[PDB]
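Take a look at the structure below.
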Amino acid sequence: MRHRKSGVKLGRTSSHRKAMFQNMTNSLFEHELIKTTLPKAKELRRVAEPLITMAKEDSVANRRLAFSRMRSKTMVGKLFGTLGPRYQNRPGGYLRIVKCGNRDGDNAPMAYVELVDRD
Amino acid sequence: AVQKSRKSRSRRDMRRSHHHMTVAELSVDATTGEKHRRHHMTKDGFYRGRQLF
Amino acid sequence: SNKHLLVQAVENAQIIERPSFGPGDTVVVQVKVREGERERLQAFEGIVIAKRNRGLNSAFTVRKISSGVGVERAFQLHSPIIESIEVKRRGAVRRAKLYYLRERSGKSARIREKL
Amino acid sequence: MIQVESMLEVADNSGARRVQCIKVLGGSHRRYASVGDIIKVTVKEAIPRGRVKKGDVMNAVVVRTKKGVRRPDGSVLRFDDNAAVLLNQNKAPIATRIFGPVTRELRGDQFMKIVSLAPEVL
Amino acid sequence: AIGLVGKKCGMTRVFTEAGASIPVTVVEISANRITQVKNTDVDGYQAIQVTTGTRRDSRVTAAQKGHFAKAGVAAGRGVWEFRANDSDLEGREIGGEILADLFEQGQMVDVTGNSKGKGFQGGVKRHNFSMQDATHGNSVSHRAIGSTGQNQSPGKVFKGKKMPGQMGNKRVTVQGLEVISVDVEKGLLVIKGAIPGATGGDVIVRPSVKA
RNA sequence: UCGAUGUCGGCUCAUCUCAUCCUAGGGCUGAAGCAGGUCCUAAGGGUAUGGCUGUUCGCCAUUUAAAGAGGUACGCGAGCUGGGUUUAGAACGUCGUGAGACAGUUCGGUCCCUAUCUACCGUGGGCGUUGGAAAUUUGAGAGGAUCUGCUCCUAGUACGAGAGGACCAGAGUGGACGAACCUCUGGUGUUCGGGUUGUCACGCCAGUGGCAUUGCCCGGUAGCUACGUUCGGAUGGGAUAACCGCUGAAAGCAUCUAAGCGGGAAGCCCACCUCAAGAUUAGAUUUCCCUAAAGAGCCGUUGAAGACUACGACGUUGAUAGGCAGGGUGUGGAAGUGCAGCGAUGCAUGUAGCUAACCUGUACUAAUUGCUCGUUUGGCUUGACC
RNA sequence: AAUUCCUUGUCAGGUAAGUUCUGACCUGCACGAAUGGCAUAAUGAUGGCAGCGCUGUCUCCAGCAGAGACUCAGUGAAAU
RNA sequence: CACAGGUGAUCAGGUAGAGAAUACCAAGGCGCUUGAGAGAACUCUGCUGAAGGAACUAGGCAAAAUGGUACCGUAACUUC
């Protein structure tokens with residue numbers, strides 16, 4: 001069973017899945033629009049949006065928490081310099097997922113992840 | 001572990017009576033007028049009156 | 001709090017008042033005892049080694065060495081059997097559960113005091 | 001939870017120091033004995049020139065367990081050892097001194113002297 | 001022998017003054033609105049049909065909406081029937097209310113619910129099969145079914161042989177539970193025991209058939 | 001059956017018989033009571049764990065109400081094992097000049113098959129059920145379940161020289177078994193919190209991250225779960241078995257039987273739980289709708305529902321999911337700064353910081369009134385009504 | 001007894017209980033002195049038996065992680 | 001077979017470390033030519049496990065356990 005359990009597996013180890021979603025969060029913070037697999041896009045909200053919520057308030061401790069979970073100093077600077085301010089008064093929902101068909105190489109359902117308010 | 005007789009073509013085809021290609025639901029985008037998969041953006045980036053590129 | 005609001009209404013009417021205490025301190029629990037037809041209180045004194053804070057399901061386990069053999073009791077906080085709790089001496093500990101004290105006996109089983 | 005082939009400390013002065021459970025009594029497939037349950041034991045190590053000798057087969061009552069005993073309020077009460085008290089051929093204590101605490105599950109009629117001789121009754 | 005439909009809200013405990021914890025589960029009881037009375041003349045048997053809860057109109061079909069409007073009751077999340085008799089149908093007319101006062105404190109009830117669904121399960125969990133040797137050369141049959149029959153005679157597997165399959169997600173009745181407390185104003189029923197299902201699931205509480 | 005039907009024993013999982021081991025009902029007794037013995041009825045349930053030996057068995061220990069006798073390819077190796085027996089190595093005793101041999105022993109010695117069909121366990125799709133639809137249902141029938149100890153009391157009464165010690169009634173509390181459940185007690189808890197070893201990195205310090213089984217270690221939420229909790233196995237109805245009768249002739253008597261009327265079992269049929277109209281005999285009731293309707297489905301957001309399905313919820317007339325907000329819980333005292341200290345470190349700011357899956361909310365994001373299917377009053381005959 | 005059929009010989013020890021083991025007896029079916037006899041420190045992935053520690057071996061299985069199984073897309077066997 | 005096998009010699013960075021063991025890195029080189037989901041039974045490979053601790057089994061098979069350096073201490077027996 002998996003009654004009430006959250007999270008994903010995605011055919012990876014735990015540390016691989018953590019690394020992949022850290023990579024995906026950095027890529028989304030950089031480009032503001034990324035094409036990915038639909039299950040990955042849905043799980044990406046649960047890891048990318050809390051970083052925006054935390055960057056809503058700028059402090060040394062919060063920037064260090066962002067860096068511990070993101071490991072990208074340029075993306076931490078961007079997250080606390082443009083995305084925190086932009087989404088300051090938005091109660092969540094900083095990403096929008098737009099389904100965009102199926103991948104050629106393996107027929108994976110695909111989606112576009114967009115930062116809300118320009119991307 | 002293996003069949004004692006070859007299956008007849010009739011029974012082989014009765015087992016395939018459930019094979020069926022999936023047919024996608026389609027809609028017309030309000031802005032562009034273009035056909036698209038329902039709940040999916042158009043090939044050129046339009047979904048529910050919103051651009052993506 | 002973690003429950004349905006009706007479970008909360010049933011649970012909140014049964015809360016009993018009690019002093020605060022942390023894992024690590026020495027407490028005396030006054031335990032109601034039915035000796036037959038008579039009611040008396042029996043004192044269980046020892047170190048709080050673990051708590052679970054669950055509202056009306058709150059529990060705390062107290063450990064003592066009584067006549068050589070170690071005794072743990074996992075008291076239910078809001079049970080009426082707990083007649084009273086007094087904190088005798090407060091401990092300074094680095095964790096919430098002192099299960100490592102089950103393999104300590106004398107000099108090595110002693111908790112630093114919190115002042 | 002005591003089962004066959006469990007070592008118990010001896011909590012009385014009958015001369016045995018360690019016993020082994022060889023039967024949990026009171027049921028055809030009965031698995032476990034808790035406090036207050038009567039078991040068949042062999043005594044595995046006794047004190048010299050005591051009442052009981054090593055290799056003897058006799059009755060005991062479990063008086064404390066490491067699994068614990070439950071109380072009506074939902075509390076559990078655990079001990080650091082598994083300990084029994086040897087019994088007669090009529091399941092009556094053969095003890096004049098009880099060592100360590102016991103629980104109030106021995107209240108009744110046949111273990112009342114165990115209760116009254118214990119240094120402390122939980 | 002008419003009962004009521006409630007919602008399992010979860011379990012807690014009730015302490016007695018003597019210091020005993022009673023494991024209880026709480027049933028949320030919205031009023032059970034009588035939508036239909038069945039009788040020997042029109043239906044051939046006697047029963048009370050009730051609806052409880054609420055449903056939005058977009059989810060209430062025209063047939064069900066007409067059925068509810070005939071009774072004059074607001075649509076609930078479901079419709080349930082209770083086998084009654086002449087004494088049970090005494091003052092229960094269409095459009096009426098059944099509240100938690102149908103049950104008194106201390107009385108025995110049976111609770112029916114939908115079990116928690118375990119999905120597809122093997123013989124070990126579904127039928128308490130013994131596992132086979134973890135070691136000692138066992139090849140790949142640790143949780144295997146074992147033998148399923150005999151030789152040439154009978155030459156088949158008998159019906160009702162315990163095997164893997166779906167487990168849970170079935171209708172289960174727990175009998176002889178005690179009503180710990182009743183609160184009609186709060187819509188609350190506190191019942192000693194366990195009560196099949198998960199919290200949120202629909203449960204049926206009826207006066208006990210053993211008694 | 002030799003163009004192959006794998007041996008013994010164990011494990012797992014059984015299924016039937018009754019010549020009955022326990023429990024139930026009886027007659028007789030060299031039946032005072034308690035215990036028995038024998039036979040009759042009875043197959044509903046139940047019917048141990050170890051030591052030895054490859055054992056089956058058997059002996060033994062300790063239990064139990066009891067530790068049944070059997071059939072099922074001496075049930076079950078395309079389910080497992082492989083200890084014995086039954087290949088090739090080697091040795092002993094023995095026999096043989098020898099090669100070798102031995103229901104003599106001894107040490108060692110490859111167990112394959114992805115399941116077509118029948119069967120079985122689950123779960124769907126189709127069509128049908130005299131127009132269609134949303135629900136609620138009756139129950140022809142099927143399955144499950146069916147065990148039992150001990151204590152107290154009656155009563156130390158009846159009975160008995162004593163020793164001992166009841167039936168029949170009543171109350172309680174267990175074992176084994178089963179179900180559900182997670183409040184409690186615990187287990188687990190690899191997207192929770194800390195501590196810590198080595199090394200590499202983030203420019204460096206500080207702070208952090210990668211990797212080393214989750215590096216190791218200590219805790220632990222939800223969920224799942226038992227060893228935890230709660231519940232169940234009915235003391236009822238009907239007809240009976242053996243057995244016991246009442247009245248009563250055949251057969252002036254007697255006689256349970258021939259007519260007639262009784263009693264009587266864990267057994268049978270109901271009662272309890274679950275399933276159940278493909279019960280093609282396809283049942284019933286309430287509503288809704290018919291120049292594409294009522295509805296259903298696709299799709300989407302999904303769920304203690306789930307392999308796929310199906311089932312449940314919701315789709316802006318919205319809390320369905322995620323986020324977010326406030327809580328709770330867990331961890332246990334963040335970072336930065338300051339102070340004390342030569343320093344490791346300690347202390348304060350402050351139970352702080354962080355906190356998965358939990359609780360209550362909230363349209364911020366995503367759930368597009370899109371498309372498909374599904375119609376147009378439902379044949380004929382007879383009868384009652386009209 | 002790597003030898004003993006009868007045979008689980010008998011007696012002792014060990015276990016609650018020991019067809020195995022250890023000691024002894026001698027009734028050696030059918031030991032015996034270079035097809036060597038009886039021992040023997042050390043050595044052995046050698047045989048038997050017994051303990052301590054340790055344990056999911058088991059009572060009695062639970063939870064969790066990964067890889068398959070399951071669903072989709074591509075490719076596409078097998079014995080019979 | 002673009003096959004988890006086999007195939008002689010040579011060169012031999014850092015930090016720990018006795019080490020050419022091991023862990024993590026350098027230079028250099030790779031991610032091993034189906035993916036995507038789901039997160040049933042069952043299989044495999046692991047991790048944790050209340051109480052008990054060999055009751056398992058032919059048999060402790062498997063697992064669990066022990067494990068370094070210095071120092072102290074170390075029995076029967078012995079070919080010393």
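For the structure tokens, the naming scheme is as follows: chains receive sequential letters (A, B, ...) according to their order of presentation, residues are indexed from 1 within each chain, and ligands are indexed from 1 in presentation order.
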
Go through chain H and flag each residue having an atom no more than 8 Å from chain D; for those, report the closest pair of atoms plus their distance in Å to one decimal, using only C-alpha atoms (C1' of nucleotides), ordered by chain and rising number, as CSV.
residue,atom,partner,partner_atom,distance
H:50,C1',D:67,CA,7.3
H:51,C1',D:67,CA,5.3
H:52,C1',D:6,CA,6.0
H:53,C1',D:6,CA,7.4
H:55,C1',D:5,CA,6.1

Residues just named, written with C-alpha atoms (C1' of nucleotides) as a PDB file, in the first residue's frame:
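Result file selection-v2.pdb:
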ATOM      1  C1'   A H  50       9.105  -5.670  20.499  1.00  0.00           C
ATOM      2  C1'   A H  51       9.680 -10.063  23.649  1.00  0.00           C
ATOM      3  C1'   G H  52      12.205 -14.678  23.338  1.00  0.00           C
ATOM      4  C1'   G H  53      17.171 -16.540  21.665  1.00  0.00           C
ATOM      5  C1'   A H  55      12.518 -23.556  20.245  1.00  0.00           C
TER       6        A H  55
END

Set the cut-off to 10 Å and count only C-alpha atoms: what are the residues of chain E that reach chain A? Output as a CSV table (one decimal) with C-alpha atoms, in the first residue's frame.
chain,number,residue,atom,x,y,z
E,116,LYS,CA,-9.7,-0.3,4.4
E,117,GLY,CA,-8.4,-1.5,1.1
E,118,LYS,CA,-5.2,-3.5,1.0
E,119,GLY,CA,-5.3,-4.1,-2.8
E,120,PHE,CA,-3.8,-7.3,-4.2
E,121,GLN,CA,-2.4,-9.4,-1.4

Quiz item: Quick one: residues within 12 Å of residue D:112, only C-alpha atoms (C1' of nucleotides) counted, chain neighbours fewer than 6 positions away excluded, as a ChimeraX atom specification?
Solution: /D:36,92-93,95,98,102-106,118,121

For the selection you just gave me, I'd like the residues written to a file as a compact mmCIF listing (two decimals), in the first residue's frame, keeping N, CA and C atoms.
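The result, written out as selection.txt:
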# COMPACT_ATOMS: atom_id res chain seq x y z
N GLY D 36 2.12 -13.42 36.46
CA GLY D 36 1.00 -14.15 37.02
C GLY D 36 0.71 -15.48 36.36
N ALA D 92 2.04 -23.44 44.87
CA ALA D 92 2.14 -22.50 45.96
C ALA D 92 3.59 -22.13 46.18
N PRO D 93 3.87 -20.88 46.53
CA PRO D 93 5.27 -20.44 46.66
C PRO D 93 6.04 -21.22 47.72
N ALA D 95 8.91 -19.91 48.90
CA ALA D 95 9.83 -18.82 49.17
C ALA D 95 9.58 -18.23 50.55
N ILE D 98 11.44 -12.68 48.86
CA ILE D 98 11.24 -12.30 47.47
C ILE D 98 12.20 -11.16 47.16
N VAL D 102 7.50 -6.74 42.37
CA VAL D 102 6.50 -7.49 41.62
C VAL D 102 5.35 -6.54 41.31
N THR D 103 4.44 -7.01 40.48
CA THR D 103 3.29 -6.21 40.08
C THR D 103 2.04 -6.68 40.81
N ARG D 104 0.98 -5.89 40.69
CA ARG D 104 -0.28 -6.18 41.34
C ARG D 104 -1.11 -7.22 40.59
N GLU D 105 -0.55 -7.83 39.56
CA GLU D 105 -1.18 -8.95 38.88
C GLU D 105 -1.12 -10.23 39.68
N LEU D 106 -0.24 -10.30 40.68
CA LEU D 106 -0.17 -11.44 41.58
C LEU D 106 -1.17 -11.35 42.72
N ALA D 118 7.30 -9.39 48.75
CA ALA D 118 8.05 -8.55 47.84
C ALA D 118 8.44 -7.23 48.51
N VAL D 121 5.52 -3.55 45.54
CA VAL D 121 4.55 -4.07 44.59
C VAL D 121 4.13 -2.93 43.68

Quiz item: What does the distance between atom CA of residue A:83 and atom CA of residue A:55 come to in Å, to one decimal place?
Solution: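 Value for the atom CA of residue A:83-atom CA of residue A:55 distance: 7.7 Å.
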
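If you take only C-alpha atoms and a cut-off of 9 Å, the residues of chain C that reach chain D are residues 42, 59, 61, 66, 67, 68, 69, 70, 71, 72, 73, 74, 75, 76, 79, 80, 81 and 102 of chain C.
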
Exercise. Return the single residue from G:23, G:18, G:56, G:68 that is closest to chain E, with distances computed using only C-alpha atoms (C1' of nucleotides).
Key: G:56

Quiz item: Taking only C-alpha atoms (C1' of nucleotides) into account, which residues of chain H are within 12 Å of chain A, as a PyMOL selection string?
Solution: chain H and resi 34-41

Export, as a PDB file, in the first residue's frame, the selected residues with N, CA and C atoms (P, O5', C5', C4', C3', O3' and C1' of nucleotides).
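Printed below is selection14.pdb as written:
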ATOM      1  P     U H  34      20.678  -1.049 -24.236  1.00  0.00           P
ATOM      2  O5'   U H  34      19.555  -0.326 -23.376  1.00  0.00           O
ATOM      3  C5'   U H  34      18.186  -0.478 -23.671  1.00  0.00           C
ATOM      4  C4'   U H  34      17.587   0.767 -24.262  1.00  0.00           C
ATOM      5  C3'   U H  34      16.981   1.747 -23.262  1.00  0.00           C
ATOM      6  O3'   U H  34      17.918   2.704 -22.813  1.00  0.00           O
ATOM      7  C1'   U H  34      15.372   1.196 -24.902  1.00  0.00           C
ATOM      8  P     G H  35      18.004   3.151 -21.277  1.00  0.00           P
ATOM      9  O5'   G H  35      17.118   4.458 -21.193  1.00  0.00           O
ATOM     10  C5'   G H  35      15.928   4.500 -20.431  1.00  0.00           C
ATOM     11  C4'   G H  35      14.871   5.313 -21.120  1.00  0.00           C
ATOM     12  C3'   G H  35      13.706   5.759 -20.255  1.00  0.00           C
ATOM     13  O3'   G H  35      13.997   6.917 -19.501  1.00  0.00           O
ATOM     14  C1'   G H  35      12.872   4.812 -22.233  1.00  0.00           C
ATOM     15  P     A H  36      13.463   7.088 -18.004  1.00  0.00           P
ATOM     16  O5'   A H  36      11.955   7.546 -18.153  1.00  0.00           O
ATOM     17  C5'   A H  36      11.547   8.512 -19.103  1.00  0.00           C
ATOM     18  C4'   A H  36      10.053   8.500 -19.229  1.00  0.00           C
ATOM     19  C3'   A H  36       9.312   8.373 -17.915  1.00  0.00           C
ATOM     20  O3'   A H  36       9.218   9.603 -17.224  1.00  0.00           O
ATOM     21  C1'   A H  36       8.415   6.837 -19.471  1.00  0.00           C
ATOM     22  P     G H  37       9.005   9.609 -15.644  1.00  0.00           P
ATOM     23  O5'   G H  37       7.449   9.404 -15.497  1.00  0.00           O
ATOM     24  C5'   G H  37       6.919   8.669 -14.419  1.00  0.00           C
ATOM     25  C4'   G H  37       5.643   7.996 -14.810  1.00  0.00           C
ATOM     26  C3'   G H  37       4.930   7.288 -13.681  1.00  0.00           C
ATOM     27  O3'   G H  37       4.118   8.171 -12.940  1.00  0.00           O
ATOM     28  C1'   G H  37       5.099   5.845 -15.533  1.00  0.00           C
ATOM     29  P     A H  38       4.178   8.199 -11.347  1.00  0.00           P
ATOM     30  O5'   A H  38       3.450   6.860 -10.886  1.00  0.00           O
ATOM     31  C5'   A H  38       2.103   6.571 -11.227  1.00  0.00           C
ATOM     32  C4'   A H  38       1.810   5.111 -11.028  1.00  0.00           C
ATOM     33  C3'   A H  38       2.131   4.561  -9.648  1.00  0.00           C
ATOM     34  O3'   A H  38       1.065   4.753  -8.747  1.00  0.00           O
ATOM     35  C1'   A H  38       2.973   3.106 -11.320  1.00  0.00           C
ATOM     36  P     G H  39       1.296   5.455  -7.340  1.00  0.00           P
ATOM     37  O5'   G H  39       1.869   4.292  -6.421  1.00  0.00           O
ATOM     38  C5'   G H  39       1.373   2.960  -6.492  1.00  0.00           C
ATOM     39  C4'   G H  39       2.445   1.954  -6.172  1.00  0.00           C
ATOM     40  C3'   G H  39       3.109   2.130  -4.805  1.00  0.00           C
ATOM     41  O3'   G H  39       3.467   0.859  -4.279  1.00  0.00           O
ATOM     42  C1'   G H  39       4.740   2.230  -6.486  1.00  0.00           C
ATOM     43  P     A H  40       2.356  -0.135  -3.717  1.00  0.00           P
ATOM     44  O5'   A H  40       2.062  -1.081  -4.959  1.00  0.00           O
ATOM     45  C5'   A H  40       2.388  -2.453  -4.927  1.00  0.00           C
ATOM     46  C4'   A H  40       1.172  -3.300  -4.668  1.00  0.00           C
ATOM     47  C3'   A H  40       1.471  -4.766  -4.449  1.00  0.00           C
ATOM     48  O3'   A H  40       1.853  -5.046  -3.116  1.00  0.00           O
ATOM     49  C1'   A H  40      -0.198  -4.565  -6.090  1.00  0.00           C
ATOM     50  P     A H  41       3.140  -5.943  -2.807  1.00  0.00           P
ATOM     51  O5'   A H  41       2.615  -7.429  -2.992  1.00  0.00           O
ATOM     52  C5'   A H  41       1.421  -7.875  -2.372  1.00  0.00           C
ATOM     53  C4'   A H  41       0.902  -9.110  -3.044  1.00  0.00           C
ATOM     54  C3'   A H  41       1.889 -10.256  -3.134  1.00  0.00           C
ATOM     55  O3'   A H  41       1.951 -11.020  -1.952  1.00  0.00           O
ATOM     56  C1'   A H  41       0.901  -9.906  -5.244  1.00  0.00           C
TER      57        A H  41
END

Practice problem: Name all residues at most 10 Å from residue G:4 (count only C-alpha atoms (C1' of nucleotides); drop same-chain ones fewer than 6 positions away) and give them as a ChimeraX atom specification. | Solution: /F:93 /G:28-30

How would the residues just picked look written out with N, CA, C and O atoms (P, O5', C5', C4', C3', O3' and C1' of nucleotides) as a PDB file, in the first residue's frame?
ATOM      1  P     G F  93      39.723 -54.020   7.016  1.00  0.00           P
ATOM      2  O5'   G F  93      38.459 -54.899   7.411  1.00  0.00           O
ATOM      3  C5'   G F  93      37.992 -54.993   8.746  1.00  0.00           C
ATOM      4  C4'   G F  93      36.601 -55.563   8.782  1.00  0.00           C
ATOM      5  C3'   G F  93      36.366 -56.790   7.919  1.00  0.00           C
ATOM      6  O3'   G F  93      36.788 -57.991   8.526  1.00  0.00           O
ATOM      7  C1'   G F  93      34.641 -55.240   7.545  1.00  0.00           C
TER       8        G F  93
ATOM      9  P     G G  28      33.681 -61.220  21.573  1.00  0.00           P
ATOM     10  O5'   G G  28      33.460 -60.669  20.097  1.00  0.00           O
ATOM     11  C5'   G G  28      32.868 -59.397  19.847  1.00  0.00           C
ATOM     12  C4'   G G  28      33.347 -58.796  18.549  1.00  0.00           C
ATOM     13  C3'   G G  28      33.487 -59.764  17.389  1.00  0.00           C
ATOM     14  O3'   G G  28      33.247 -59.054  16.181  1.00  0.00           O
ATOM     15  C1'   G G  28      35.613 -58.875  17.924  1.00  0.00           C
ATOM     16  P     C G  29      31.775 -59.002  15.569  1.00  0.00           P
ATOM     17  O5'   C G  29      31.572 -60.463  14.982  1.00  0.00           O
ATOM     18  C5'   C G  29      30.788 -61.433  15.652  1.00  0.00           C
ATOM     19  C4'   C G  29      29.913 -62.184  14.685  1.00  0.00           C
ATOM     20  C3'   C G  29      30.591 -62.674  13.419  1.00  0.00           C
ATOM     21  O3'   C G  29      31.316 -63.875  13.614  1.00  0.00           O
ATOM     22  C1'   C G  29      28.526 -61.655  12.878  1.00  0.00           C
ATOM     23  P     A G  30      32.645 -64.173  12.767  1.00  0.00           P
ATOM     24  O5'   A G  30      33.526 -62.860  12.929  1.00  0.00           O
ATOM     25  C5'   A G  30      34.795 -62.742  12.302  1.00  0.00           C
ATOM     26  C4'   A G  30      35.020 -61.352  11.766  1.00  0.00           C
ATOM     27  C3'   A G  30      34.501 -60.218  12.644  1.00  0.00           C
ATOM     28  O3'   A G  30      35.320 -59.079  12.426  1.00  0.00           O
ATOM     29  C1'   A G  30      33.457 -60.112  10.546  1.00  0.00           C
TER      30        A G  30
END

Quiz item: Do you know which residues are at most 9 Å from stretch 71-87 of chain F counting only C-alpha atoms (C1' of nucleotides), after dropping those on the same chain fewer than 6 positions away, and could you put them as number ranges by chain?
Solution: B: 1; E: 132-133, 136-142, 144-154; F: 5-17, 54-55, 111, 113, 115; H: 58-59

Exercise. Using only C-alpha atoms (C1' of nucleotides), determine which residues of chain G fall within 10 Å of chain A; present them as a VMD selection string.
Key: chain G and resid 65 to 67 72 to 74

Quiz item: Using only C-alpha atoms (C1' of nucleotides), which residues sit within 12 Å of residue A:119 once same-chain residues fewer than 6 positions away are excluded, as number ranges by chain?
Solution: A: 28-34, 83, 94-96, 112-113; B: 51-53

Any chance you could export the current selection's N, CA, C and O atoms as a tab-separated table (two decimals), in the first residue's frame?
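Result written to result.tsv:
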chain	number	residue	atom	x	y	z
A	28	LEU	N	14.86	25.94	-13.82
A	28	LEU	CA	13.64	26.72	-13.89
A	28	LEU	C	13.86	28.14	-13.37
A	28	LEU	O	13.34	29.09	-13.94
A	29	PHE	N	14.61	28.30	-12.29
A	29	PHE	CA	14.88	29.64	-11.80
A	29	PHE	C	15.68	30.45	-12.80
A	29	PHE	O	15.55	31.67	-12.86
A	30	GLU	N	16.51	29.78	-13.60
A	30	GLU	CA	17.32	30.48	-14.58
A	30	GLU	C	16.52	30.86	-15.81
A	30	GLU	O	16.48	32.03	-16.20
A	31	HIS	N	15.88	29.88	-16.45
A	31	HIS	CA	15.25	30.11	-17.74
A	31	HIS	C	13.81	30.56	-17.63
A	31	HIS	O	13.27	31.12	-18.59
A	32	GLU	N	13.17	30.33	-16.48
A	32	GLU	CA	11.79	30.66	-16.16
A	32	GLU	C	10.78	29.83	-16.93
A	32	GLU	O	9.59	29.90	-16.64
A	33	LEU	N	11.22	29.00	-17.87
A	33	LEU	CA	10.33	28.13	-18.62
A	33	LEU	C	11.11	26.89	-19.02
A	33	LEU	O	12.11	27.00	-19.74
A	34	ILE	N	10.67	25.72	-18.57
A	34	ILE	CA	11.36	24.48	-18.90
A	34	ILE	C	10.35	23.42	-19.32
A	34	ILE	O	9.28	23.29	-18.73
A	83	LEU	N	13.02	36.92	-7.77
A	83	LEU	CA	11.84	36.08	-7.65
A	83	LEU	C	11.15	36.25	-6.31
A	83	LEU	O	9.92	36.21	-6.23
A	94	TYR	N	3.44	29.87	-7.69
A	94	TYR	CA	4.41	30.61	-8.49
A	94	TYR	C	4.75	29.90	-9.79
A	94	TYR	O	5.31	30.52	-10.70
A	95	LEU	N	4.45	28.61	-9.90
A	95	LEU	CA	4.62	27.87	-11.14
A	95	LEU	C	3.25	27.59	-11.74
A	95	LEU	O	2.25	27.50	-11.03
A	96	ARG	N	3.22	27.48	-13.06
A	96	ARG	CA	2.07	26.93	-13.76
A	96	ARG	C	2.57	25.84	-14.70
A	96	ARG	O	3.62	25.98	-15.34
A	112	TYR	N	5.08	21.86	-19.77
A	112	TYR	CA	5.89	23.05	-19.65
A	112	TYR	C	5.68	23.63	-18.26
A	112	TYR	O	4.55	23.77	-17.82
A	113	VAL	N	6.78	23.92	-17.57
A	113	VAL	CA	6.74	24.57	-16.27
A	113	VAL	C	7.15	26.02	-16.47
A	113	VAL	O	8.22	26.31	-17.01
B	51	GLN	N	-0.41	32.82	-24.28
B	51	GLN	CA	0.80	32.46	-24.99
B	51	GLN	C	1.82	31.88	-24.02
B	51	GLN	O	1.79	32.13	-22.82
B	52	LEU	N	2.74	31.09	-24.57
B	52	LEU	CA	3.84	30.54	-23.79
B	52	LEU	C	5.20	30.93	-24.33
B	52	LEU	O	6.19	30.82	-23.60
B	53	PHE	N	5.29	31.38	-25.58
B	53	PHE	CA	6.54	31.81	-26.19
B	53	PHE	C	6.39	33.21	-26.79
B	53	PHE	O	6.13	34.18	-26.08
